[PDB]
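**Student:** just coords:
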RNA sequence: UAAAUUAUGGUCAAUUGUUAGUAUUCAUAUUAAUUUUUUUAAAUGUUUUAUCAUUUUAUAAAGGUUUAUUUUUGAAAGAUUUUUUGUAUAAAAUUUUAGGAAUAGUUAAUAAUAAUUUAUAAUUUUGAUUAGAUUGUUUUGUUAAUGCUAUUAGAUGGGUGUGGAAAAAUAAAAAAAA
RNA sequence: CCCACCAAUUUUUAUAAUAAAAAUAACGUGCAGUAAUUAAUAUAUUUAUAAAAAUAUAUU
Ligand SMILES: [Mg+2]
Ligand SMILES: [Mg+2]
Ligand SMILES: [Mg+2]
Ligand SMILES: [Mg+2]
Ligand SMILES: [Mg+2]
């Protein structure tokens, strides 16, 4: 949960575990039905207008 | 050349086998 | 002299014509000490001999 | 006047910044068959 | 009240006249400003010979001192040639080789300490006819030497063959360079900068029993 | 070599050094193999042996009085077990054979 | 190169030596690209 | 060095006969070359291989000694019985 | 107070202490709690020992008994090694199972 | 092999202890204290029967 | 003749133990690897063993060795190797403790180059003066923790 | 730390020391304080005796 | 755009065989090694004592260790006596695996030996922990080679708390109190 | 000169009801390069006992 993370340093820049690319709006479009719009606005990359 | 043509043929065969497997699963 | 031949890069390494052509090209590309000294403006003997007066030959004429 | 900047967005690369990373230049190291000696293995070459 | 002068540009007091740009060339502007500061009342002008700012910087050679004049601050920003990813010695060797393969008379090369030292060593050994604008602190022209058609310089190779690896030469290495392939080698010249910012060749290095960081070889 | 070894740098070529390390590696460190002069003494114990620090021996008229080299069949190793040889430690071991011959 | 070391072909040994290269970029690439 | 896989570094191998049959050599060579099936146990594991039977047909042999070969005529076998 | 004394080996903290200076960065609440709770715990322990004699005596006797009966009371090389699991990592697993890791710090 | 070789005359003409370069061997202050105390104790050792 | 350091080392070996280890160890012996697991099911989550592995610390090819000639040797006169160091504070989470990351030099003779590796140390500050980002000079001492 | 900048840092340190001496100077002698004791000594730990 | 200055009034070369040291055969190796026609030799009772006792007789169990293991010391030496006599242990660098990820009797502080406390603790993608392999630091082989390829420095928690020091229950050429 | 299946043995990884690759002079099916019968190639999609193509772009 980005607002209340149970771990420190959610993102990382390793070679095989990069998760920053997996935080853009395209991946959340799949679960947009269950999506929290405020969480999407505050925590997402390359959001459209 | 013919090496690349055989590579493409093997890839196409693998793809059609996978799609056949999917149809069998259906 | 010592000669080293490498024909791995060639399509057919087992080529006697390649061997002889390479050796002759290496020989052709060789300059003699007389030619080198003439081009540089130096005495040929003051290029391969360890005599202390030859030290003046590698300085600039002043 | 105003600076409405966000360090969190800058570090998290929001809006999709791009840096154009180097390619084969960093990766290539040459042949390591022998040791690195001055002037290379074949100093000078005539074609 | 203390303002830190960070960088060689700020230490040398670059005007930064170009708006919002610090890496722009300024030597031409400074030279023209010095020309303006010159006086056309007996007002003797200054000759075009390359000068030094301090009287103590005049060469110790009495003949060479005739070619240098003591100019207070107009001696700076000397030269006409401008600066022409890789080491300066690598660039110098590449330029010399690719111009002697084109049978040109002059090659403009960047004038660094090691570059001008190597040029002087090659001139001493007779591989270069002469120099133009040698006192310039940015670039200078090497005059190539030709005899009966073919060039005097046959092979010129920097020590950093890949342009990214430096080598330190011990006195044993210098003596091996002298007696390379079992013969006394005054033919092929290896040039190294000593620990005293002095550029010499392997003959002098083995004569005075020192070494240095190698720069290039030429024969 | 680090502990228990007096070798301080590679014999011929090394990665670039800075300051006093470069000065020592290029000029100041001892160099046994130098034939012109031995490693110099610290000042002022060097000016008084200026004339003795040149070359090895002044003769240059030496007549070799030892056994002749065996050209054929040119044996490679001579590890003879001895009984009264006190230089066996120096004799054992690989050594480069490069001389006048 | 001993044949028992690092597989059977020369490229395996070359890549294994490359993963110990002094340059960080080359070492990282040599140890991550095949796992990718 | 993928050859001599079943030698396990030793210059020779100690095997036991199980079967014997014939195989055609690679084209354009034609014939019926005799090859024998061999079994051996190394470090509590049984291994089965096929080796060319060039030994003379004399005594009734049950074990064989296997060395390396090199003849590229038979696809699949590279081990030869010592004479 | 930013420099140590090379002659005596004193650190910058010792130099500042001798000169009467004070180089202490602004402490956060957790750091203040760390520096302040020592006295509180000491007072609590002393009060407990002076207020409940039988319980404190029983606890001290049990602690002394376990300390005295411990298998490795002797102060040999193995006991004097600062990092037993790291130094004697050959014993881990096969003989000693107390530590599941041979490395805990930056050594 | 090396049947007859000679060395520089300086080796046999050198004086004693003329090759020792002055090197500064720095130590910890605690090591300095320990060594000074040990040397003082050895110097002050009494000449009873064995010293 | 001038004898290399190998001769002196052999002399020390002969003094300590009767004679020196000159037995012609058979370096040509065929080393073999007999697999015991599945094709990809090696019992480890980090590294998988599938051939003869190199052994030894200083016998690893390519060679890596310490390189004493660096900034620390240029600045300080170390009584012992690694006695004095210079680094940057990279953490003050522990009370009265400052974590310092320092640099040393590793030499690769095959490639003829040196690299700066990083090591972390638990330096001690008594009066809590160190702040993260401070360029500090640290020295060896007794065992504190 | 990079060792190639040692000469530049030495030059800057010399300039800073010279500026300090020229401007701040020395405002009178300061009485020498008796040095204390250092907890951090080299070697193994010593006995309490 | 400095313009051809003029007793050309000294030519007579070089070699005398003398030196500042990694030098390259594409391999068939007058390179190293294992492999065919079956290589031998030395042993096992330590001793002393005040007599069912006491005194003197201390790393080759080999295991499977890559941020690792490093140490003689209160005995002896040893002297016409202290009064024990007597600072041994700790650091830095270097550390394996085709298909790479989390680790944990945990870090620091402490009026706390034998921690009822405090902390936003420690390890690690600069490659950790677990698992596999392997006795760590110029010793072997080979080459023109800062390359490649070897190596028993034989080293450590429950068996007796004795002893200055456990290493103490196979051996390993060793003189142990006239 | 010359492609894929089928047939025919068999070999490795694997022992999971797995799965996959590969070696193979004469079969039966479909038609596959060599300026070559058709601008070529690539990606993606679709049909037929699973060969051949079709469809839609990108590149030259
Ligand atoms: Mg093998
Ligand atoms: Mg293990
Ligand atoms: Mg270590
Ligand atoms: Mg005693
Ligand atoms: Mg590791």
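**Tutor:** Yep, it's here. Numbers count the residues shown, from 1 in each chain, chains lettered A, B, ... in the order given. Ligands and ions are numbered 1, 2, ... in the order given.
**Student:** Regarding chain J, what is its longest helix?
**Tutor:** Ranked by residue count under DSSP state H, the longest helix found in chain J is helix J:29-44.
**Student:** Of all residues in chain A, which one is closest to chain F?
**Tutor:** In chain A, no residue comes nearer to chain F than residue A:15, which is 28.5 Å away by Cβ to the nearest Cβ. Quick note: C-beta positions are derived from backbone N, CA and C, even for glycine.
**Student:** swap that for chain L, please
**Tutor:** Taking Cβ to the nearest Cβ, chain L has residue L:3 as its residue nearest chain F, at 5.0 Å.
**Student:** quick revisit: can you tell me how far the nearest residue to the residue of chain A closest to chain F once chain neighbours are set aside sits from chain I?
**Tutor:** Using Cβ to Cβ, 6 or more residues apart in numbering or on different chains and skipping the chain neighbours, the partner closest in space to residue A:15 is residue G:32 (4.0 Å). Separation of residue G:32 from chain I (Cβ to the nearest Cβ, to the nearest Å): 24 Å.
**Student:** Repeat that for residue K:20.
**Tutor:** Residue K:20 is 30 Å from chain I, by Cβ to the nearest Cβ.
**Student:** you'd agree that residue is up against residue F:79?
**Tutor:** No: judged on Cβ atoms under 8 Å, residue K:20 makes no contact with residue F:79 at a distance of 11.8 Å.
**Student:** got the contact list for residue G:14?
**Tutor:** The neighbours of residue G:14, taking Cβ atoms under 8 Å, 6 or more residues apart in numbering or on different chains as the test, are residue D:32.
**Student:** Wait, a helix at it?
**Tutor:** Yes: with DSSP: H, G, I helix; E, B strand; the rest coil as the criterion, residue G:14 is part of a helix.
**Student:** Burial check on the residue nearest to residue A:15, number of neighbours?
**Tutor:** For residue G:32, the count of nearby residues is 13 (other Cβ atoms under 10 Å in any protein chain shown).
**Student:** you'd agree it is up against residue A:17?
**Tutor:** No: with contact defined as Cβ under 8 Å, residue G:32 does not count as touching residue A:17 (10.9 Å).
**Student:** still on that earlier bit, in space, what's closest to the residue of chain L closest to chain F - neighbours in sequence excluded?
**Tutor:** In space, residue L:3 is closest to residue K:71, 4.0 Å off (Cβ to Cβ, 6+ apart).
**Student:** these two touch, right, that neighbour and residue L:4?
**Tutor:** No: Residue K:71 is beyond contact range of residue L:4, at 9.1 Å (criterion: Cβ under 8 Å).
**Student:** For the two, indicate the residue with more neighbours.
**Tutor:** Between residue K:71 and residue L:4, residue K:71 has the larger neighbour count (other Cβ under 10 Å), namely 22 against 10.
**Student:** Relative to residue I:65, how far out is the more buried one?
**Tutor:** Residue K:71 sits 55 Å away from residue I:65, taking Cβ to Cβ, to the nearest Å as the criterion.
**Student:** how about the residues of chain L near chain J?
**Tutor:** Residues of chain L lying near chain J by Cβ under 8 Å from any Cβ of the partner chain: L:38, L:41-43.
**Student:** now swap in chain I and tell me
**Tutor:** Proximity of chain I to chain J (Cβ under 8 Å from any Cβ) is limited to residues I:7-9.
**Student:** Going through those residues, which ones are buried?
**Tutor:** I:8-9 (16 or more other Cβ atoms under 10 Å in any protein chain shown).
**Student:** re the thing from before, please name the residues that touch the residue of chain L closest to chain F.
**Tutor:** The contact partners of residue L:3, taken as Cβ under 8 Å, 6+ apart, are F:18, K:70-71, K:74.
**Student:** So which of the residues you listed is the closest to chain I?
**Tutor:** residue K:74 (17.4 Å).
**Student:** centroid residue for chain H?
**Tutor:** residue H:51 (1.3 Å; Cα atoms, centre = their mean).
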